Amino acid sequence: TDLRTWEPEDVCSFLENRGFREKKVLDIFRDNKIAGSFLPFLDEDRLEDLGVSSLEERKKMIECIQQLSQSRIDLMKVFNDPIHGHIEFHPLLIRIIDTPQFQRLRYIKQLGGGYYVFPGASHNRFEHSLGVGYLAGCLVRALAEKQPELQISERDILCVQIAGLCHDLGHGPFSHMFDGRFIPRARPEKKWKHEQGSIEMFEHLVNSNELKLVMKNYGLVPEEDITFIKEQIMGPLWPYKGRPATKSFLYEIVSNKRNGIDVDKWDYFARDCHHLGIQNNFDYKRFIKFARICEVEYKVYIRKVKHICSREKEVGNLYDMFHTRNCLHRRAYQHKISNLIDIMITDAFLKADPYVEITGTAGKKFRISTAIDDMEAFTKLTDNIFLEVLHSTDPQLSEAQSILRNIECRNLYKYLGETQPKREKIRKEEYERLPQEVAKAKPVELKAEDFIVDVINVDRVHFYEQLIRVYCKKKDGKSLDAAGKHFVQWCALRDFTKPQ
Ligand SMILES: [Mg+2]
């Protein structure tokens, strides 16, 4: 048989009939629920830590495990990804992957409204998450071998990979729309980032599935390493608790908000380029080969820190990345229609929010906007909520439905145009006024609700503007003219660029 089939009792029987007949040692295995699959991943140190203090017994235990047919690499899992080709994962990663909490990412489109503009962009967060995990693994491995002095362990690598996998665990329906348009609009009081949901959901993930114990059985130390994983996704002498300042560079792998060069961006750049029909000048494998840790000293008392660094002449590669970054941002991300669709879906959700029930832990009812507060409710919240509203028989959603039917039948708000501020920019406070200003600026009455104003912000590494779009809801010609000239006058009045 396989060790995969073996229960802990089976392992106990195997241990007994091989000579380990002592009940406490058997109790170790029963207690820690060490199913067969773990056996080829056990260490001298692990057997020590689990609690066999016999310096010679441990060796022979591992010998017995080695005698068996199935080994370590016999239990890895291989994905076929079109971006990365073949992909090996250590079984723990699969165990994390194979949960409701994670699998839910199959049902959230990466580009959200994008899919309704770019029919190629059907890809979801799931596969992207896989990709990020894999790349994280790759970069950390490369740095590990190239500089063995760095003391980078299996544990670290796995933590980095898990951080990779779970960086997007907490995205809501339609990805950035949810955390970027809907929640801020529906819960202005709460400051919420999909990362927040990511760490909360990871915490939910390990707990719903009792993987703390499994993580221990595979050689992680849950207390430290979960904090490490969480901190990698989230962020903040040395602030982090997960790892010592000596291994600071590890925090630059998965999320590097400092200079915007991380494996997340690598994967989604490549993938979005793949599905949108854009060809990507940036070879990340080149980056990984020429990636090294080395020390930097900046005087603030002088600080000394280990950053990820690239050979100075590999600057051209970054020029390629940032081109692709701009290329995607211009063409796809800040796309005037995609955003319109995001806006309309948000609107529908806002109008659907009061009536739609979603049950969480203990079956407590939650609204779409409040599901983020309960992971077991949020676990059920996916893109499909789009159809659930659309198909609902409840007549209180008829308003919400009609918006969704309009998205389906391409009856969208009319895009009046884009504008740019000549000087200064617009205060985050000043936003909610804007639809009123446009409405009241005169060149038929046009109420403030008839307009949406969409503000968009355009936006280092070490070696060894504002766009305003105005949409009008009223779709008739005369209202369209009126709104157009309203918008022109508003632009002229605030001394903005003459519209597109
Ligand atoms: Mg991501």
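Shown for chain A, in order and in Swiss-Prot numbering: 72-307, 316-379, 385-527, 533-548, 559-563, 589-624.
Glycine is treated like the rest: Cβ placed from N, Cα and C.
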Starting from the dGTP 1 binding annotation in Swiss-Prot that includes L182, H247, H265, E266, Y347, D351, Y417, which of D239, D362 is the extra site residue?
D239
Return the residue out of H199, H275, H354 that Swiss-Prot annotates for the same Mn(2+) site as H238, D239, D343.
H199
Want to know which recorded positions, from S125, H238, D343, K509, are within 10 Å of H247 (dGTP 1 binding site) at Cα; which are they?
none
Between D239 (dGTP 1 binding site) and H265 (active site): CA-CA distance (Å):
7
Between C-alpha atoms, which of these binding-site residues comes nearest to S125 (phosphoserine): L182, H238, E266, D351, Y417?
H238
Inter-residue C-alpha distance, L182 (dGTP 1 binding site) and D343 (Mn(2+) binding site) (nearest angstrom):
14
Length of the line joining the Cα atoms of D239 (dGTP 1 binding site) and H199 (Mn(2+) binding site), in Å:
9
